[PDB]
Amino acid sequence: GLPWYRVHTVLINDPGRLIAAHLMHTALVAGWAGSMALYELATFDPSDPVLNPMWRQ
Amino acid sequence: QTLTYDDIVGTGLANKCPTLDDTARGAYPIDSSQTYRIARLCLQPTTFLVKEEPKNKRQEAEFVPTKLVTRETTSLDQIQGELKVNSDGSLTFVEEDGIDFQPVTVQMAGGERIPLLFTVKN
Ligand code: CLA
Ligand code: CLA
Ligand code: CLA
Ligand code: CLA
Ligand code: CLA
Ligand SMILES: CCCCCCCCCCCCCCCC(=O)OC[C@H](CO[C@@H]1O[C@H](CS(=O)(=O)O)[C@@H](O)[C@H](O)[C@H]1O)OC(=O)CCCCCCCCCCCCCCC
Ligand SMILES: CCCCCCCCCCCCCCCC(=O)OC[C@H](COP(=O)(O)OC[C@@H](O)CO)OC(=O)CCCCCCCCCCCCCCC
Ligand SMILES: CCCCCCCCCCCCCCCC(=O)OC[C@H](COP(=O)(O)OC[C@@H](O)CO)OC(=O)CCCCCCCCCCCCCCC
Ligand SMILES: CC1=C(/C=C/C(C)=C/C=C/C(C)=C/C=C/C=C(C)/C=C/C=C(C)/C=C/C2=C(C)CCCC2(C)C)C(C)(C)CCC1
Ligand SMILES: CC1=C(/C=C/C(C)=C/C=C/C(C)=C/C=C/C=C(C)/C=C/C=C(C)/C=C/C2=C(C)CCCC2(C)C)C(C)(C)CCC1
């Protein structure tokens with residue numbers, strides 16, 4: 001069959017499933033951005049923007 | 001026009017001090033020969049401020065405003081005591097008894113709760 005590095009080539013002539021794969025990628029990136037922001041909020045110390053700003057943390 | 005408990009209950013007015021109308025800009029003569037007392041001292045807090053502690057020793061350590069989380073449980077009321085008239089003409093309230101304490105919890109930014117015994121005990 002297809003080699004491992006060509007598995008996604010099944011989408012080339014399938015616009016509906018290309019859209020679906022792109023939607024899933026978009027869901028993963030948007031889900032990363034939310035989960036990254038929640039991780040940062042859970043750990044950010046906001047109490048000193050002079051000597052402990054976000055870029056030190 | 002005087003209210004009852006069923007008018008007041010669950011409205012939050014029980015945590016309020018009584019008010020005097022805007023017209024009452026008068027004056028109350030303290031006869032030095034006669035003794036006085038306080039029938040009711042009410043204190044209704046509106047603003048609780050907590051001083052921050054910046055870890056630096058120096059800096060601007062100002063009082064930050066907080067959010068009350070323990071609801072309308074805050075006023076001290078029904079406080080009684082003797083209002084003495086001193087020798088030099090001054091009046092000294094000595095507090096005797098009353099509802100003179102309320103535990104209060106306020107919350108700073110970041111979620112730190114600050115419990116305090118808001119009081120005028122003695
Ligand atoms: C928009 C970016 C993009 C998209 C949509 C594609 C799409 C495609 N690539 Mg291409 N490619 C790209 C960028 C892209 N590529 C880049 C940046 C490189 C250099 C690294 C390549 C080098 C490349 C080669 C050499 C080949 C392809 C192939 C393909 C086709 C099949 C992919 C597959 O089945 O792998 C399936 C992948 C796996 C089963 C596992 C991959 C795991 C990788 C190695 C590490 C983990 C990645 C990680 C999970 C994701 C991080 C994302 C990152 C951007 C942050 C598909 C059309 C193949 C092709 O043309 O077939 C005819 C092929 O041979 N690509
Ligand atoms: C943006 C991500 C993405 C999307 C939308 C697709 C989409 C697709 N894949 Mg591809 N693929 C991907 C990434 C992706 N893939 C990665 C990272 C790998 C390497 C594991 C592959 C390897 C792969 C193979 C071998 C095959 C496909 C196939 C397909 C198609 C059918 C679905 C399927 O069987 O997947 C299979 C299921 C997966 C790939 C699940 C992903 C597994 C990774 C590890 C994520 C698991 C999540 C996990 C809970 C996270 C753990 C966190 C950790 C810190 C603990 C569909 C077009 C099939 C196909 O149609 O080929 C003809 C197929 O046979 N994919
Ligand atoms: C004229 C109307 C129109 C509009 C508004 C778009 C808009 C879009 N298309 Mg395109 N496209 C069009 C015509 C249009 N297209 C036509 C006629 C074709 C040929 C059939 C295509 C073929 C095409 C392909 C193959 C792909 C796109 C993709 C995209 C999206 C990329 C950006 C994205 O995902 O952001 C992020 C999304 C959001 C922030 C949310 C947006 C919410 C949407 C607008 C509303 C959802 C409800 C709505 C009823 C669903 C249908 C909308 C549809 C018309 C796009 C974007 C929504 C890509 C895609 O789908 O990526 C996932 C993609 O792979 N388009
Ligand atoms: C500009 C932004 C951008 C672009 C162009 C891409 C492009 C791509 N991403 Mg996406 N992604 C992005 C932002 C982007 N990403 C962000 C911000 C996130 C959140 C972290 C993701 C999360 C994400 C996931 C979870 C996945 C993708 C995948 C993909 C690939 C899908 C097509 C494919 O089959 O390639 C075929 C694969 C390749 C061409 C290999 C790409 C190699 C990359 C570029 C770098 C090499 C990584 C290295 C080998 C291993 C890293 C260390 C390891 C320990 C993880 C494509 C290369 C998917 C994928 O790779 O499927 C296999 C996939 O599963 N992305
Ligand atoms: C629906 C609308 C929407 C809105 C208002 C936001 C808003 C935000 N996003 Mg989110 N996001 C969204 C959808 C949205 N997002 C979707 C669908 C995804 C999945 C793809 C994400 C994935 C995502 C990630 C991974 C991250 C964000 C982040 C953010 C924050 C910073 C934005 C930023 O720096 O981008 C900068 C944007 C650009 C620089 C855009 C570049 C545009 C390029 C140059 C266009 C190039 C091609 C163009 C077509 C050329 C022709 C142009 C023509 C005019 C001539 C902001 C709160 C960041 C964050 O803080 O997360 C918590 C962040 O890391 N978002
Ligand atoms: C930590 C380990 C545990 C993690 C558990 C996570 C749950 C996943 C485990 C269960 C996997 C079940 C897949 C196999 C069942 C099935 O047949 O496939 C169901 C479908 C197709 O349906 C199918 O379609 C097929 C035909 S076709 O593909 O449409 O052509 C047909 O064969 C079939 O009858 C029909 O059902 O295929 C799949 O969806 C691809 C495999 C699932 C990949 C799992 C990825 C995890 C989900 C994404 C989570 C991140 C999202 C964040 C962004 C929002
Ligand atoms: C976030 C989630 C991430 C998902 C996890 C997925 C990660 C994917 C991992 C893929 C790795 C694939 C490796 C496939 C390996 C593999 O399958 O090779 C065989 C394959 C050749 O395949 P053909 O095209 O012959 O097809 C056969 C097919 O059956 C393959 O499916 O070659 C390639 O894949 C090209 C890459 C060359 C790589 C060869 C490297 C070997 C060198 C050894 C180096 C070590 C010694 C160094 C000493 C100095
Ligand atoms: C589609 C996947 C592509 C993988 C991206 C590789 C990025 C490498 C950087 C660029 C150097 C490229 C020179 C390649 C040379 C080249 O041009 O190759 C092209 C080749 C496809 O070529 P053809 O279709 O001609 O196939 C030749 C085969 O038939 C073998 O004879 O692509 C590969 O084989 C992709 C596999 C590379 C596999 C790389 C190993 C991935 C290891 C990942 C391990 C990750 C750890 C995972 C932890 C979770
Ligand atoms: C369904 C649904 C829902 C939910 C959703 C969710 C909850 C989601 C989540 C999501 C998420 C939570 C996601 C996340 C994602 C993530 C990712 C996607 C990541 C990625 C990663 C990577 C890619 C990395 C890589 C690396 C490493 C590992 C090391 C170093 C290097 C690098 C960085 C490259 C709701 C209810 C809302 C709505 C309705 C429906
Ligand atoms: C409709 C319906 C439903 C629903 C379903 C759904 C739709 C689901 C989905 C689900 C999902 C969709 C899931 C998801 C998952 C995810 C995950 C699992 C993720 C993970 C992630 C991670 C792991 C993270 C990490 C990180 C990052 C990325 C950055 C920052 C840091 C940290 C580390 C945090 C049900 C059945 C209920 C029932 C009824 C009907």
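Throughout, protein chains are lettered first and strands after them, A, B, ... in sequence-line order, and every chain is numbered starting at 1.
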message: One pair to check against side-chain hydrogen bond (donor to acceptor under 3.5 Å, both in side chains): B/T4 and B/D6. What are the steps and the verdict?
response: CA-CA 6 Å; B/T4 66; B/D6 298 300; 5.0 Å; no

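- With values rounded to the nearest 0.5 angstrom, B/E72 atom CD is found 8.0 Å from B/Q44 atom CD.
- For A/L11 against A/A21, the heavy-atom pair with the smallest separation is CD1-CB, 3.7 Å.
- Here B/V85 is tied into one hydrophobic group with B/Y28, B/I30, B/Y36, B/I38, B/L41, B/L43, B/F48, B/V50, B/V64, B/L68, B/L76, B/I79, B/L83, B/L91, B/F93, B/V104, B/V106, B/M108, B/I114, B/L116, B/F118, B/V120, each link being a pair of ILVMFWY side chains closer than 4.5 Å.
- Taking CG of A/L18 as the start and CG of A/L23 as the end, the distance is 9.5 Å to the nearest 0.5 Å.
- The side chain to side chain donor-acceptor pair (under 3.5 Å) search around B/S75 returns B/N15, not counting sequence neighbours.
- With no hydrogens or angles considered, a side-chain donor-acceptor pair links B/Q107 and B/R113 at under 3.5 Å.
- Considering OG1 of B/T105 and CZ of B/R71, their distance stands at 13.5 Å, rounded to 0.5 Å.
- A side-chain donor from one of A/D45 and A/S47 sits under 3.5 Å from a side-chain acceptor of the other.
- To the nearest 0.5 Å, atoms OG1 (B/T46) and NZ (B/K16) are separated by 9.0 Å.
- Minimum heavy-atom separation, B/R37 to B/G81: NH2-N, 3.1 Å.
- Note that CD of B/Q78 is 11.5 Å distant from CG of B/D100, once rounded to the nearest 0.5 Å.
- Atom CD1 in A/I12 sits 15.0 Å away from atom CZ in A/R17 (nearest 0.5 Å).
- Under a 4.0 Å N-O distance rule, the pair B/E53/B/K51 does not qualify as a salt bridge.
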